[PDB]
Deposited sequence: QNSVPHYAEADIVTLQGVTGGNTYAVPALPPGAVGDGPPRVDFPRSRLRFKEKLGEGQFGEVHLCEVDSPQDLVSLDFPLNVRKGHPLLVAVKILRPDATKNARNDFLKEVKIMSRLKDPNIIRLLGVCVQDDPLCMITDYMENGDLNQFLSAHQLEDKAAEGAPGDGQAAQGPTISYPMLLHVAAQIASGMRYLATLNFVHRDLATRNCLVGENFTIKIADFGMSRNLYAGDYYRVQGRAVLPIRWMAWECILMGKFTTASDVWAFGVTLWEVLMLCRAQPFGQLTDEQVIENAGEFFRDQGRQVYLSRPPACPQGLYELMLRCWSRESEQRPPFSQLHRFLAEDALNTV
């Protein structure tokens, strides 16, 4: 894509190495690298682009075009009017800017549908959360399949020097203990994400616990002596939906529901629960 065809209007967001801008060509979102981006970051950007080229789904952000011929590299994606899912839900209250319970189901169902698509490709997202989802017009939800280290969500990641930055509060117990990331662990993360949506993003998962306590909690899952703790049922969440969350947090990976079952529950079975 010709970079000259792009007209920059606003800077939406930024990370350690990248910046997202609103651009006119028709609005698109454009991720560009910082002027002080390392060649390491450039290489990561290229890899990121190659991954995105594969993922084509109504509920996955799409790669509309690239500008990699010159520095800094550009990635062009859907512009989503309402920004990220976390910030969107935080600005809303449950219906007595309001959002209804049926809509929350619809939002989660779209996420589930996006993850269902990724599952058929055996693609593991590894960082599913409301902060990595986007909201367009008509409550359209798309999962972001690229990353950016925004300072706003620094507290959502566990940092140790020389280690990978890990979203431990969204990670399955076998993830925390082994670094074992699979589709089954994506399901666990979906459960936490579903919890966020029903909480309307009013609280961080295990928010009153420290990182080390969350890590220790994963050890209690492994041990299985009935001392592990779960995220509590959100006020807006009915028991039946919550039991679904719990199945996502089963100790055994094979006991966690596939995204096909999760989507069916949220899009169909729960329609009678309103």
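For this chain, the deposited residues without C-alpha positions form the stretches 1 to 42, 68 to 87, 159 to 173, given in sequence order.
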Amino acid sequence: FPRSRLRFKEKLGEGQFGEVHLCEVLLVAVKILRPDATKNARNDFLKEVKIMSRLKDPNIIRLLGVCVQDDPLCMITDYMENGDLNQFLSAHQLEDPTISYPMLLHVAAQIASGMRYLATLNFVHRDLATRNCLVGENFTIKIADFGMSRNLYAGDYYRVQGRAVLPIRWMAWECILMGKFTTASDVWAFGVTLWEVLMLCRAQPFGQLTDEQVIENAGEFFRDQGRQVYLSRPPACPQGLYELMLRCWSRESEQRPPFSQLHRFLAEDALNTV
From here on, numbers count along this sequence of modelled residues.
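Take the two forms, find the largest set of C-alpha atoms that superpose within 1.5 Å, and that set is the rigid core.
Using the rigid core as the fitting frame, the root mean square C-alpha deviation in 9 other deposited structures of this protein is greater for 143 to 151 than for the other of 79 to 87 and 143 to 151. Each structure in 9 other deposited structures of this protein is fitted to the shown form on the rigid core, and of 215 to 223 and 47 to 55 the C-alphas lie farther away on average for 47 to 55. 248 to 256 and 10 to 18 differ in mean CA B-factor, and the higher of the two is recorded for 10 to 18. Stretch comparison (219 to 227 versus 54 to 62) by mean CA B-factor in the PDB entry places 219 to 227 on top. Highest CA B-factor among 174, 156, 186, 71, as stated in the entry: 71. Looking at the C-alpha B-factors along this chain, the one for residue 41 belongs to the highest third. Among the modelled residues of its chain, residue 235 has a C-alpha B-factor that falls in the middle third, as given in the PDB entry. Sort the chain's modelled residues by C-alpha temperature factor and residue 180 lands in the highest third, per the entry. Annotation for residue 148: C-alpha temperature factor in the middle third relative to the rest of the modelled chain, per the entry. Placement of the Cα temperature factor of residue 137 within the chain: highest third of the modelled residues, per the deposited record.
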